[PDB]
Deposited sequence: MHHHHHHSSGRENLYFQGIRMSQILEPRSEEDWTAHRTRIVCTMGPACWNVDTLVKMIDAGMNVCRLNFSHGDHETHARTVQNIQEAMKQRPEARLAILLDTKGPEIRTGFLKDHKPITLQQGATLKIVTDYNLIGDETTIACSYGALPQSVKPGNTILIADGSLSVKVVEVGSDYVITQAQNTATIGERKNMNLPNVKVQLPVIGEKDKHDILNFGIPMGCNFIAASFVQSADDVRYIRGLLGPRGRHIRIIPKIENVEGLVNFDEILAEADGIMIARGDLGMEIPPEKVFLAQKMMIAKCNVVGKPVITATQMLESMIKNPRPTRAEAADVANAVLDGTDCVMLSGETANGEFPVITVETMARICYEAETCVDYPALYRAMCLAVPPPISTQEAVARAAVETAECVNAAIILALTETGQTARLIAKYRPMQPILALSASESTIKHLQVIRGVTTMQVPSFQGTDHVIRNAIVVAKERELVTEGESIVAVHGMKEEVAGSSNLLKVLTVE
């Protein structure tokens, strides 16, 4: 920065400013936002996507939640919130402790971890739910227990047990989660429960995305796609990257997927903490280059579960994800179990807006040109260039499959993108794309007509004014092709 004055960043933003941020916001449903009234307030605040966390709840309880989303949307007929099912997936847990009493292990003390899950544990020996532990872990390996509370180094392996040594002093309760840094977990990513949730809830309840916890290989993604079948053709797959296997297989996972969710907090249980930030950056960049949405999740605004303001570090952490290039930022417990769900959504919208203040759009556009072509991409690229060249107020992306909108968004134009589509599922899928807002349009509508309608609607809503330039892009037969770019003036 030079010639730009410090007092500039100290202007308060108006509702009109921060609600027009480009980054998309994902909110986890829960008791704190159980009722229709707060869901509506969350829409106004910036909510674009509703996450159903299937680690808890059942088909009945999540049905009530869905019914409430549908009611909120009746009060806001212009909002087309997407619904994301987030699977439970594989889990490793410690077993039970004598008298349910927590145990404290001392640094350098010996802990046996056994495979018999009936074993009632004590300070010296505990049970682990993962039967293949002794055949997964080797001497020198690290095992984390209770959200990384306790760290043990593996000293010896038997057939049905492992001898470990505490790396720190800690107090652990019973049935705590376990992590196996640098070790593949030999458990199905999509178990029978997950399969039931995808097929018997996700499909008939109108979920638009599946976020699949703990994806370890691209075969996991191919598996969900075949599971989804023709009846689930309108559902997009968002693998969650949570360990080393996910990281090591990232490129093949990304290629098979419709987008990525980066679970930082889980990744920090599986690799040195000082490397998670590198991984995030790398994974966002790779998603960007290929034009697929990336969600940044976990450890976002966690203090707001209890406080009406986030910490400095938290605001910075969210802002840097935006600057890394993230499509979405995600709230978890802050909205599910928080004292300030709507205030948390407004706050993240504000942090997004301020980070987007930092974005160099010419240098992002040219960075994508040096990193990446087809007819569709060339025209999307020409559109962004031309929009900038003629000082256009907005870019119209006319789109059936979403491709056209995504290709333009990929180039991070300074101008807002209005994606126009007759397809309901496409409009929903687009709620996950930075820089895009959405308008559903009737079927069998001519190109010019659709463009005419969008501009006059925009002019009535005081988004564009008489005389400003507009850039419209029409991808035709998007994934089977012919591509248009029109420049027109608001009358």
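Asker: Extract from the deposited sequence all ranges with no corresponding C-alpha coordinates, numbering residues from 1.
Answerer: According to the deposited record, C-alpha coordinates are absent for 1 to 15, 388 to 390, 499 to 500, which together make up the missing parts.
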